[PDB]
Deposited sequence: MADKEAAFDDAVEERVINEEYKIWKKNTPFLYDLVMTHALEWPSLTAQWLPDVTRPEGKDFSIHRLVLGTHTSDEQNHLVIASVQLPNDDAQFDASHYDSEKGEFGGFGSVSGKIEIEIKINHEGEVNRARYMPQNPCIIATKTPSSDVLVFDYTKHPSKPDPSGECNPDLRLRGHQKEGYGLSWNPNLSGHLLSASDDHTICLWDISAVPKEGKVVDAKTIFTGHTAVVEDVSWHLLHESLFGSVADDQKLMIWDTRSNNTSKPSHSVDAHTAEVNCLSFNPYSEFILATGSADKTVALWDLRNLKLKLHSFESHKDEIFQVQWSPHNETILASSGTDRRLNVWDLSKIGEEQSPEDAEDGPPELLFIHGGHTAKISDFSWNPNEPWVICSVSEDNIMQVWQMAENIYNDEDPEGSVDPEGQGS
C-alpha cells in the first residue's frame, strides 16, 4: 500500500527525532530515568509511601503499574524507584500479583494507601490488598479477588475513589453506564458486591469520571457524546444530572479537577484540545489549548502548583501548560515555537503515551509510560519555573 510505506519511513523519522532528543536531554531536564519494562503498562499512579534512609542521596517512592500482554499471565506490579536528593540510582519491581485479564486502570484508595483497585476487559472490577498477598506469585499459591465488584455489562477505563469519603468508588464503560459502590459497608466474606447506585446519563461510550475534591457528593463524567455531565449524588435522578454542557466538537476522553481550586475543571478531548470550565458557569469555556496533533487521553493537574496542568496522547508528546502565562504578548520567535501558555514538551516517548502521573512528595516529577514497554520518570529543568 501507500499507507504501509508511509508508516515505515515514519518509524525511521521517529528514531531520528529520538536521537536528537537524547542529545539535548541534559539541557531540557534535571532528571530522566528510562526503564524498559518486560511488558507494557497501561497505567500509572504513584503512591505517597515515601521513604529516605540516612546518610543518603535519595528517597524511595512507589508505582502502580499494570500489564497489557499477548498470552502470558498478567500481573500488576508495584515498583520502587530511586532518585537523588539535594546533591543516581535504579528502579526495580518488588511485588507482583496475578491478574485474570489485563490491567486497564488502577488507582489506590487514598484513605488506606494499599487497597488498590483495577479494571479489566471483563465487565467486573476488582480490589486487591498487597499486604495480604505474597511478594511474588507462584502456581502453588493462589490469588483471591481480595474483594470483587460487579454492576457493569462491559469493560471501560474509568475509576475513582472519593478522597472526601472512605471506600466509595466509581466506574465507567462503553456500557453507557456509571456505577457506584461502597465497600466500608461490607468488609465481610461478601466477595462479590453490587451497586449502591448506577447512572445512565450518557448515550455514548463514557470514557472517564472523577470525584470533585472538596464536596463529598460531586463528580464529573465524560463521554464520546462530545459531552460533559456533572452529577451530584444524593439527588436520586440517575439519568438527569445537575449540570451539563456540550463541550468539545469531537469525542471527550479526560475529565479532571483542580485541587487548589474548588470550581475549576480541566477537560481533555479528541478534538486535539484541552478546555477548562468553571462550575459556576458550565456554558462558558474559559480557555482552550490548541497545540496537540491528535486525540488526547489524559489530563492531570499538578499538585504543588494550583495553576498548571499536563496533557498527553496518541501524538507521542506530553505537554505541560500554565495558566498564569495566558495572553502574554510575546516575541515573534515565541510564537514560532508555540503559544505562551504552553510551557514544556516532553518528546521522549517513541509511541503512544498510555498514562502518566505526577507524584506528590516531589515538586515537579512525572512518571510517564508508553506502549513500547518504556517508563520514564523525569524532572523537567529548574530554569523554566523560578
Gaps relative to the deposited sequence fall at 1-3, 91-111, 411-425
